[PDB]
Amino acid sequence: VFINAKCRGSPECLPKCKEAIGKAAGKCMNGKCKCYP
């Protein structure tokens with residue numbers, strides 16, 4: 001799933017995804033985070 005959190009750095013989406021679902025696996029594109037459950 002993704003989050004509206006306006007991400008600005010690919011490496012920033014890692015700590016975010018981990019804080020979103022629990023794992024730091026995802027990227028940042030289209031102004032959104034792409035975390036994979």
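Rules and cut-offs
- Residues numbered from 1 in each chain as written, not as in the entry; some residues may be left out.
- Heavy atoms only, no water.
- Helix = DSSP H or I, 4+ residues; strand = E, 2+ residues; numbered from the N terminus.
- Buried < 20%, exposed > 50% of the residue type's maximum accessible area, 1.4 Å probe, protein only.
- Contact = heavy atoms within 4.5 Å.
- Areas by Shrake-Rupley, 256 points an atom, 1.4 Å probe, with all protein chains shown as cover.
- Salt bridge = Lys/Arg side-chain N within 4 Å of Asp/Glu carboxyl O.
- Core = buried A, V, L, I, M, F, W, Y, C linked by side-chain atoms within 4.5 Å.

Determination of this PDB entry was carried out by solution NMR, according to the record.

The next thing to look at is the overall build of the protein chain. When you go through the protein chain residue by residue, the secondary structure sums to 1 helix and 3 strands. Reading the secondary structure of the protein chain in the N-to-C direction produces β-α-β-β. Seen through its C-alpha atoms, the protein chain measures out along the principal axes to roughly 20 × 15 × 10 Å. Looking at the protein chain as a whole, 24% of its 37 residues qualify as buried. Within the protein chain, residue pairs in contact and separated by at least 24 positions form 30% of the contacts whose partners lie at least 6 positions apart. Accessible surface computed for the protein chain: about 2,800 Å², of which carbon and sulfur atoms make up 58%.

Summed over all chains, the structure comprises 1 salt bridge. A salt bridge links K16 to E19, with the nearest nitrogen and oxygen atoms 3.7 Å apart. On the criterion of helical spacing, the pair formed by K16 and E19 is a turn pair, its members being 3 residues apart in helix 1 (residues 10-20).

General note: in soluble globular proteins, nonpolar side chains tend to be found buried as a group. Core analysis: the largest hydrophobic core is formed by 7 residues, namely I3, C7, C13, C17, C28, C33 and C35. Secondary structure elements with two or more residues in this core: helix 1 and strand 3 (32-35). Not counting chain neighbours up to four residues away, the residues in contact with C13 comprise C7, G26, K27, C28, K32, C33 and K34.

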